[PDB]
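Number of protein chains: 4
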Amino acid sequence: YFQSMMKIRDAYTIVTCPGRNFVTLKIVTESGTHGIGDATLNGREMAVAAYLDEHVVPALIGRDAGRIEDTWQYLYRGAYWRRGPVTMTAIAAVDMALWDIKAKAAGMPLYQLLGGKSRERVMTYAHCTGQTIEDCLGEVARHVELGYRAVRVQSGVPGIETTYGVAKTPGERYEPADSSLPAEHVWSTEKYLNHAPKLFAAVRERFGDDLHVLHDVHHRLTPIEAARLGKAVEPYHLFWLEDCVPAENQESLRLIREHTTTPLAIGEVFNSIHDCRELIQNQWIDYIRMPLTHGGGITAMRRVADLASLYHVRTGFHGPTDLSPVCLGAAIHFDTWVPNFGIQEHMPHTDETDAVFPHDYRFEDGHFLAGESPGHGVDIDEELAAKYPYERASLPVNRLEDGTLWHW
Amino acid sequence: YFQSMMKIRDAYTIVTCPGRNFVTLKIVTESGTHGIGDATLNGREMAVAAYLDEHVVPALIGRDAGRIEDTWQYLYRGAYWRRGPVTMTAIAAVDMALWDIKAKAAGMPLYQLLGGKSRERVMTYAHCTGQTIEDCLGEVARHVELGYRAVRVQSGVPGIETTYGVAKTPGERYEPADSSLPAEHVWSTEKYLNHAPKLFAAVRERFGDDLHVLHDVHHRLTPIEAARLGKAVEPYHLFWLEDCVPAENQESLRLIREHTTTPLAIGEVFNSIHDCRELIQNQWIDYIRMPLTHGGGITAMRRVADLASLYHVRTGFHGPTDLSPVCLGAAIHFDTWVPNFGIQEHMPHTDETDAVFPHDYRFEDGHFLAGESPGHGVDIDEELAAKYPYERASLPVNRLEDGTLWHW
Amino acid sequence: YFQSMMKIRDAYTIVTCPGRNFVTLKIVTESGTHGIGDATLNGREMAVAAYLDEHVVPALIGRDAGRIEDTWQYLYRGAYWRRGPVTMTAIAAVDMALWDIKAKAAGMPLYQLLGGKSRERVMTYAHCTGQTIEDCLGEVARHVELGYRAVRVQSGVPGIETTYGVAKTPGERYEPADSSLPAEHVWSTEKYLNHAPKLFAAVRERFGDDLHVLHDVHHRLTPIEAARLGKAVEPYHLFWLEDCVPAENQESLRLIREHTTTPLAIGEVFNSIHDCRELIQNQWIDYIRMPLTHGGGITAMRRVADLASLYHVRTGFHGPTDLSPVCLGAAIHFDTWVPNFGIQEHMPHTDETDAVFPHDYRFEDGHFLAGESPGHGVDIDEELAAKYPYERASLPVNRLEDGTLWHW
Amino acid sequence: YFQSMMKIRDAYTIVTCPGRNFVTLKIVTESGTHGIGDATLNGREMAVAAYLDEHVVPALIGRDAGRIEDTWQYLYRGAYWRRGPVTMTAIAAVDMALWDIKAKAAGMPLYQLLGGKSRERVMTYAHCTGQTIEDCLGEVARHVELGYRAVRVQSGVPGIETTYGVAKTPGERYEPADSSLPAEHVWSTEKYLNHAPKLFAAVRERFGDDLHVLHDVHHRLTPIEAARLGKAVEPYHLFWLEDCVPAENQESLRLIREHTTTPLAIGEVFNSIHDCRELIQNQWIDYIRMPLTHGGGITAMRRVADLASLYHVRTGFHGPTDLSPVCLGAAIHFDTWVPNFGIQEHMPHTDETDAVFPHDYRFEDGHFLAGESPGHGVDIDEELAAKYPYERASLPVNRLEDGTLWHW
Ligand SMILES: [Cl-]
Ligand SMILES: [Cl-]
Ligand code: NA
Ligand code: NA
Ligand code: NA
Ligand code: NA
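Protein sequences appear in the order of chains A, B, C and D.
Counting from 1, position 236 in the first sequence corresponds to residue 231 in PDB author numbering; the numbering is continuous, with no gaps.
Counting from 1, position 25 in the second sequence corresponds to residue 20 in PDB author numbering; the numbering is continuous, with no gaps.
Counting from 1, position 296 in the third sequence corresponds to residue 291 in PDB author numbering; the numbering is continuous, with no gaps.
Counting from 1, position 148 in the fourth sequence corresponds to residue 143 in PDB author numbering; the numbering is continuous, with no gaps.
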């Protein structure tokens, strides 16, 4: 009976823009029980939608939803063309939806299914950003009042019009995919390297040593430049220095690790354990940032987290607005169970987004609390979602001062 | 309500000898739901019984049985003294019992909880043993008739009174822990190395190429000797050559791997991922043999299997009579889910043992079929168990012809 | 004037099924000169179509088509999510179209633009397949008569219903994407390993030593199994043994290379130099198989070929029916220039496909001859393409005899 | 027709001394279209002239000038004796001339042929030199006024009569090949190591942090001495520290890289990718300095630049007066296309030299702008060249204070 009940009756995607674009996969079993999974890939959303709609969804009909592992392998190996952002996001969406269903069928919140809670709450960090160091400091003050124990700090660089994590116009909400076609930013590494240490010095001067302070380099340096920055910020004891260098070549982290004791984080642009196996095994990083939606879902990320744990590496899930509350809820469940949890990024969604994706995770005093509802605790209001049609938005590109297409 | 229901009400060990010694841990929740886990460590049984009774059991009372991960870490890290056969067997017993409870609470057979089935049945191998090559061949014929697709072959060595996997007296059941104090066997490596290839040649001559043929070297060689044996048996295409050399020093496998393409298996004497991380990552073995009871249970073995999968290594759980049907049932569930399954060893328990541990796993046509009952599908009949009091039995020791204490 | 003339006026995809699905990108400059690039990703075609239509195409309008390098980096880095089959196929399509335009603007066939011809013709291999070894031998005889100097041989395995490269029904054309949803094949490694050497032995017996003989293992083995096969086929001196093992973990090739001198080829499932940098630098392969359409186009594949050349590795472009004549024409141009050319796969397209994509490359006496028309020498007949609507077709999946989802 | 037109009609060298010696190769096709390439090897000029005149030129007559790759391999492999400064400079001259012809035939400036522009202008550095630190500072001030964003600084060492990059007599133009036979300089490493940091400290004090500051160690240190210097100048954040140690043994860079985060540049004395493959792959340098004339031309340097790009290494072409405007023009084209451009050295030629080699590259506000004329945009006025006969000039040698022949 349970098998017939777990047979997939229907599966389909939902595309909505309640503040920004989200793509969601819904899987409905013969029992009526459904699961949903995040399928949002910022700036390439419709590639994943088509991957799902045309190629994956039709193969899901009639399958046993209880066979999570088999389905993961069927889609991963069966695609023939393996790994990649579009590929692994589609697989993650299916996987997340199937774990949602399994937890509902078991009558348990997801964290219970994974092995139970390892912690009573989930520490987060907030994005503190400003045009000037002082503007950023004001935001740090604000978030400490909200109870955040950890903050990521980003401020504008003098001589540079636009830099990562800083809004074009003060007060306004930072949402990077801000244009139909990519905005074009200009970059100077040398000016940034001379300025960045001043920001952390100021944070420590005003806020002291107890605050966890994070910084995202956002792919812009070469290894020896990142080594230099790491050394320069050692006195400020950062929680992490993130995305120092593009790391398709994983050996790129070696020179940084050999030259600094500033902790390193990487991985939000990764989608496979094969993108980071060497980074982990060689102890070149301290935190792995690959999130559920882009990293092949729960099934794959359990394996990544477990590999990390052998080398003292901790989880630091990417948590921007462009991963939906479906991912965030599942992530908080995962974060609640995983032994080697590090931190959870929190970039709050719009009220409109929260309304479209009702959920039972809570934020209190700087931390997340996992929901107790069976499933990952998130759902989608299809009627409300239909009120916000897709609107194309691309991520910016970054060029050097001479026009060289660089890393954003 | 569910939390109060999952609080541990009672926990205790049961020691029974229905043909041979088994130690079992039972954990009972406030709800009345119980779980059991195998705690049998052959020839050192009472060390684990005491580890549990005096040190672990009292700390379990009042704990939330749903917190599998936290309990595993609490016992593993909290012991202060980490790893080891007594230590990890006690932890495995707790872990297996807690997964049993979790599956019962979820109303699912264990394999469903792990991620669902990856296969429709679980291939096994049988022990085919004989005094002479011909005696062994008779046993191979017999087991093929029973539907086994895979056989482990062991035969006596001329000039050697006693060798591994061969009974002292024909027909009689091989049960290695055959004496109160250790029996003393005599060994000659050179005679074995000259004889062993003749056994495999004979198996191939009589049975052809389709049969999977396994052999256990049982720790007796040095690396270059195992390399020689591996090369000599290449024409017979063994499924694996197992336990070639003692491997506390994991580098011991290197020379074998560099010199032969005969597949290698190791790990029944291991208890930690730290015993085999390097063997796996360096691709020095093809099959990892560490079983649930001795390898820290489901929680730990999922991590071992997942690490193995990155390097094409497959599972080959040790499955002797000295792991109870509790372990075997849990193993069959694990085997049913795990993507990188290789084979399951089958050394059938006595009828008396099967009666003491009722179970829902089935053997059909050379394969195991996972049970469908919630839990791992095994229980223990305490009243029947009480009829078979513990009887001390030790594993043999092996000496060279000059009296040197060697490896059994 | 030339700049205004090279400004992109229009860009769009064309989807057609003249025997099987192809997706093509067309870019039209203000001058009227257009270029086309292959964007076909077998079994996931619409993912690439959407990636292009919704995200890439709109950003191409108004760009200078002459800026090939800048565009490649703009799309590769600017996507933020880097590498992957959908991603790199879209980029390849743009790149191929821009090189087509550049060659037309220069009034030269593509090979001239790349550095001129290094050879007078391009050696190919044909697919020789059969149910039995004898059936395969008949096909070898047939293709030798056509002038092929090199043949890939595949035959059915006894005890196995379906194997790679062998049609379900004799005589009929092998086209793997044969079903709307994936067909399900069954596999036995052990039966294949025992049979495969017999095929090569028979080819050498009937055809002698001068013929180049290739074989595709098609991802089905573990490293030590591939090592065994490599050793077993050494006496038959294969041109290559292809795709021995799945290689997301590039270290997977190490054991094979250490144990056999049979030449190794890999890479048709790769899309990035980062998928194979280590395979090349460690000299673990002899031929790199990644083709233009899937490997990021001319711009990226020049870099891959050049890296290969430092380590004596040669090109062996994947050339199945599911890369369009657009790719094949561009490939023949590339093959004509590249110093370290190895061989070009030839799986002839249908007449209907050849009609839809008129081209000036020629096949004569077992070899390709590059076209002399400016561009890569291929075009698309949009009117004729419109007569063959898309029809969904997926690649098969492969399961072991126990049902384990394996590698097809 | 195009083939007959591209057949080489004539080829010859031109030797001229309009301020210093240059050797140029001219290749004339049947169409009348010609190309030129730089063949200048400072202090050994006539070795290359003879290599070309007697051995290469006669083999060029009748060849198809369009076959750039084939010609490169024909000369590189066909020489039998491979690599080396005389050898690779001759090959570069041919290669540069053939790319000039190809671009003219395509009706495009060279950068368009290479893949189009990656940047709008090419950043340079100037040589700022002085007897004293103050003299050097005056030159820095002067060049900043001219718009240079980057300066190389060299000053005399107290207790040392002569050092690299400093003229014997103030104001006068530095042209190292200053004598018929080698001048003999005296060197003290210890005095230099104690003085050099004072120069950079002074530059930072007077000019601040925005200026890019470079320094050429010019081969004089051992690895641990260079490590010491690198560490000592970290506070001054140099753009690069160049040629720290002689690097025929590429491992020489290891100790420097392990001990300092000052960026490293090397390669002006190299002529082959085989001189620097390991330096690049091990990430021991940040900038590769090998230029077109000495590094086998465009064909070879594209491959070097591409290898560098995999490891974040950028181009920093050697650009002294002893590479002719032919090389500089080709270099600016290359610099305009190459993604991983770092900087272009600018040591301005004499007016007489500029007159002999008319060109369309421009210098504006510290940067080069590529020409737009088909070809590399440089030509040679043979009539004017004939007015300046060759005059032998050798590079200096450097001895330690005890007379030991050292590295200049
Ligand atoms: Cl112990
Ligand atoms: Cl992808
Ligand atoms: Na980041
Ligand atoms: Na064993
Ligand atoms: Na293949
Ligand atoms: Na230098």
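In this text, a Cβ means the ideal position worked out from N, Cα and C, and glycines have one as well.
Practice task
Under 8 Å between beta-carbons, which chain C residues line up against D/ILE63? List them in chain order, please.
Solution key: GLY110, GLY111
Problem - Unbroken beta strand (DSSP E) run spanning B/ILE96, endpoints - result: Note, B/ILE96: premise wrong, no beta strand (DSSP E); alpha helix (DSSP H) at 80 to 101.
Exercise for the section: Kindly give me the distance between the Cβ atoms of D/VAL299 and D/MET285, rounded to whole angstroms, as I take these residues to be in contact under 8 Å. Expected result: Rounded to the nearest angstrom, the Cβ distance from D/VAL299 to D/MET285 is 6 Å, consistent with a contact under 8 Å.
Practice task
Note down, one range per segment and in chain order, each alpha helix (DSSP H) of at least 4 residues found wholly within the region 256 to 327 of chain C.
Solution key: As far as the region 256 to 327 of chain C is concerned, its whole alpha helix (DSSP H) runs of at least 4 residues are 272 to 276, 292 to 304.
Exercise for the section: Can you give me the Cβ contacts of C/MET342 inside the same chain, cut-off strictly under 7 Å, excluding the 5 residues immediately before and after it? Expected result: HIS122, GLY314, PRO315, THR316
Problem - Partner residues on chain D for A/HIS254, Cβ-Cβ distance less than 7 Å - result: Near A/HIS254 (Cβ distances below 7 Å), the residues of chain D are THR256.
Practice task
Please state if the CB of A/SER150 and the CB of A/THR164 are separated by a distance shorter than 9 Å.
Solution key: For the 9 Å CB-CB criterion, A/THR164 and A/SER150 do not form a contact.
Practice task
With B/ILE128 as the anchor, note down where its alpha helix (DSSP H) starts and where it stops.
Solution key: 128 to 140
Exercise for the section: Can you grab the Cα-Cα spacing for the pair A/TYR46 / B/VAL240, in whole Å? Expected result: 50 Å
Problem - For A/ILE338 and A/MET118, believed in contact at Cβ under 8 Å, the rounded distance - result: 6 Å
Problem - Closer than 8 Å: B/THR82 CB and nearest ligand 1 heavy atom - result: yes
Problem - C/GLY398: contacting residues in chain B (beta-carbon distance under 7 Å) - result: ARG114, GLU115
Problem - Contact test: A/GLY79 Cβ vs ligand 2 heavy atom, cutoff 8 Å - result: yes
Exercise for the section: Show which residues of chain A have a CB atom less than 7 Å away from the CB atom of C/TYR69. Expected result: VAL392, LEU400
Practice task
Quick one: grab the DSSP three-state call for D/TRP67.
Solution key: It is helical.
Practice task
Compute the beta-carbon to beta-carbon distance between B/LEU287 and B/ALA227, rounded to the nearest angstrom, for a pair I have assumed lies under 8 Å.
Solution key: Between B/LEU287 and B/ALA227 a beta carbon distance of about 34 Å is seen, past the 8 Å cut, so the two are scored as non-contacting.
Problem - Sequence-distant residues of its chain with Cβ nearer than 6 Å to C/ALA92 (five each side left out) - result: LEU20, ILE22, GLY30, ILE31, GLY32
Problem - Status (buried if at least 16 other CB within 10 Å, exposed otherwise) for B/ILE96 - result: Under a 10 Å Cβ-count criterion, B/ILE96 is classified as buried, with 16 or more other Cβ atoms of the shown protein chains found around its own Cβ.
Exercise for the section: Identify which residue in B/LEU318, B/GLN68, B/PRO353, B/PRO104 has its Cα closest to the Cα of B/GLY366. Expected result: B/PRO104
Practice task
Would you mind sorting C/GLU246 into buried or exposed? The rule is 16 or more other CB atoms within 10 Å of its CB.
Solution key: buried
Practice task
Go through the residues and name those whose CB comes closer than 6 Å to any heavy atom of ligand 5, in chain order.
Solution key: In chain order, the hits are C/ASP211, C/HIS213, C/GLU237, C/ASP238, C/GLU263.
Exercise for the section: Measure the Cβ-Cβ separation of D/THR8 and D/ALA44 and say whether it is below 9 Å. Expected result: Between D/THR8 and D/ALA44, the CB-CB gap stays under 9 Å.
Problem - N-terminal and C-terminal residue of the alpha helix (DSSP H) that C/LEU105 is part of - result: Counting along the chain, the alpha helix (DSSP H) containing C/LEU105 begins and ends at 105 to 109.
Exercise for the section: Answer yes or no: does any C-beta atom of chain A fall closer than 9 Å to that of D/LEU224? Expected result: no
Handout entry: Residue from C/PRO334, C/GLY160, C/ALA350 whose Cα sits closest to the Cα of C/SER319
Key = C/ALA350
Problem - Buried/exposed call for D/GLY27, threshold 16 Cβ in 10 Å - result: exposed
Practice task
May I ask whether a heavy atom of ligand 3 can be found less than 8 Å away from the beta carbon of A/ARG284?
Solution key: Yes, ligand 3 has a heavy atom inside 8 Å of this Cβ.
Practice task
Taking C/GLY125 as part of the beta strand (DSSP E), name the residues at either end of that continuous run.
Solution key: 117 to 125
Problem - Within 9 Å, strictly: CB atoms of D/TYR282 and D/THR310 - result: yes
Practice task
Measuring alpha carbon to alpha carbon, tell me which of B/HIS207, B/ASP65, B/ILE86, B/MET1 ends up nearest B/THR35.
Solution key: B/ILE86
Problem - Meets three-Cβ-pair contact criterion under 8 Å: the region 45 to 64 of chain D and the region 253 to 272 of chain D - result: As far as the Cβ criterion goes, the region 45 to 64 of chain D does not touch the region 253 to 272 of chain D, which means the pair count is below three.
Practice task
Alpha carbon to alpha carbon, how far is D/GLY154 from D/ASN189? Give it in angstroms, no decimals.
Solution key: 11 Å
Practice task
Determine whether the Cβ of D/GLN278 lies closer than 9 Å to any Cβ atom of chain A.
Solution key: yes
Problem - Among C/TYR69, C/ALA74, C/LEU109, the one whose alpha carbon lies nearest that of C/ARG297 - result: C/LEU109
Practice task
Would you kindly check if the distance between the Cβ of C/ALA101 and the Cβ of C/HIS371 is under 9 Å?
Solution key: Result no, Cβ atoms of C/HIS371 and C/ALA101 do not sit closer than 9 Å.
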